[PDB]
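Taking the form deposited in one PDB entry, here's one chain by itself in structure tokens.
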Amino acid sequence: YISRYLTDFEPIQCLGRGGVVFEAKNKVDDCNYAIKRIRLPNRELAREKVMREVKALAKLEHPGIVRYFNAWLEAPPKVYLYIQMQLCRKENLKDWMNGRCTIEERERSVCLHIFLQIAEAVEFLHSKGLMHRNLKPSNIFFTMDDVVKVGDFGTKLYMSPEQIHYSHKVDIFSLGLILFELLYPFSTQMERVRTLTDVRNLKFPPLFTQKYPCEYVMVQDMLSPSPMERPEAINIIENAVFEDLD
């Protein structure tokens, strides 16, 4: 038996655990790619649902969506689906925040620029009738050219309550926390978990509300306990704060 993957690629390392993501070099074209390997479900209608997904997702092109290349099936001696995506930077949004722990390092322009890219990506999906469902700093990447991409789709800190215990409004909740986290640097993991757990419950640090009153009202709208009351992604983009950005 000849495996497409082993034939065409030289594996480099593992990138994601699970649904597994490898880094591999294509032999013909000499580029490195992120390759996700999914073990397909064994029942037919479960597979058919997954295959209908790759078909819808294949049509996706956007500056905030990671670039797609190829999708194929293998059945060695049960069945694996392989997905070839562009390889992003080693350091993700979580890595980025961790190396920048002072408010001087969290420039208001840079952070709103990063956030806007994520929001624009989510608006894109929502208009196609899709949703991400998996937004979080560790699953937000930069390209070799520092363009922000939302990560894999299709820790529960960034999950909306109705996700844990439901519509596209789940993505809106996730955005809320990311916006907060971007503007509010942390010193320790301990602090981070405590503060973020409190923010989910609308208990904001005073210094934040003092410094970013505009963004504060936005985060409140995005973190509404009633999903109905949360804004759409388009409303977030069409907000006053996203004007005159250099």
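So that the term is clear: the rigid core is the largest set of C-alpha atoms that superpose within 1.5 Å between two forms. From 1 onward, residues are counted along the sequence shown.
- In the deposited entry, the stretch joining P77 to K78 is interrupted by 10 or more residues of the deposited sequence lacking coordinates.
- Unmodelled stretch separating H165 from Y166: 1 to 3 residues (count of deposited-sequence residues without coordinates).
- Relative to one another, 107-115 and 130-138 have unequal mean CA B-factors, and 107-115 is the one with the higher figure.
- For the two regions 141-149 and 97-105, the entry's Cα B-factors average higher over 97-105.
- In this structure the maximum Cα B-factor among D30, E48, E61, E181 is found at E48.
- When the CA B factors of the chain's modelled residues are split into thirds, the value for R43 lands in the highest one.
- In the deposited entry, the Cα temperature factor of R200 places it in the middle third of its chain's modelled residues.
- Annotation for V219: CA B-factor lies in the middle third of the chain's modelled residues.
- The PDB entry assigns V21 a C-alpha temperature factor belonging to the lowest third of its chain's modelled residues.
- In the deposited entry, the Cα temperature factor of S160 places it in the middle third of its chain's modelled residues.
What comes next is about the form deposited in another entry, which is not displayed.
- Rigid core superposed between the shown form and the other one, residues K211, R192, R47, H62 considered: the one with a C-alpha shift of 2 Å or more is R47.
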